[PDB]
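In the deposited numbering, the protein residues as written are 12 to 99, 109 to 194.
A virtual CB, placed ideally from N, CA and C, is assigned to each residue, including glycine.
Notes follow once the structure below has been shown.
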């Protein structure tokens, strides 16, 4: 059990196997289990199933290896962590592809109508410190969040802010 982060949303199961060629992935391609959202799309974070305990060190070795044009975070995990995953009531919204220096003030001004819960915007950072380009948003109600989803690609600066219906589980994993 080796948790992965920063993987692309348009990647294949063989791409992570080719990325982790040094390691012998248990249960072939089935072992490289992706973590999906409530919408169904892949999150960007995966759950790799390393066969041997010695291969875990070989897996963790590529902690900041460049998969094309981005850094991939690699971290050790427990089998219990993999079991507790929710993919398939909640007022969460997965925001994706945001301007570089995008502020919480910019995001609140964007959804000027739909109410956000206190400190709703939970904008996460990469291991280096920079913003991931994605964000979260806990609205006051699920019905409020549903309305937010209607603006699924409005321009913020010069970016179609892709909005997806997420959950608290995805927010806790980030």
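Asked                                                                                                : Found
Selected residue, minimal CA-CA separation from residue 20, among 71, 48 and 177                     : 48
Three-state secondary structure (DSSP) of residue 87                                                 : strand
Top-ranked residue by Cα proximity to residue 75, from 66, 158, 97 and 86                            : 86
Alpha-carbon spacing of residue 36 relative to residue 94, whole angstroms                           : 18 Å
Presumed contact (8 Å Cβ cut-off) between residue 172 and residue 182, rounded CB distance           : 7 Å
As assigned by DSSP and simplified to three states, the class of residue 37                          : coil
Residue from 27, 148, 169 and 140 whose Cα sits closest to the Cα of residue 155                     : 140
One or two residues paired with residue 14 in a DSSP bridge                                          : 58 and 86
The segment 112-121 contacting the segment 65-81, beta-carbon criterion three pairs below 8 Å        : no
Bridge partner(s) assigned by DSSP for residue 115                                                   : 155 and 183
Where residue 191 sits in the DSSP three-state scheme                                                : helix
Beta-bridge partners of residue 101, as assigned by DSSP                                             : Any question about the placement of residue 101 has no answer from these coordinates, since the chain jumps from 99 to 109.
Per-residue burial, residue 60 [other beta carbons within 10 Å of its own, 16 or more giving buried] : buried
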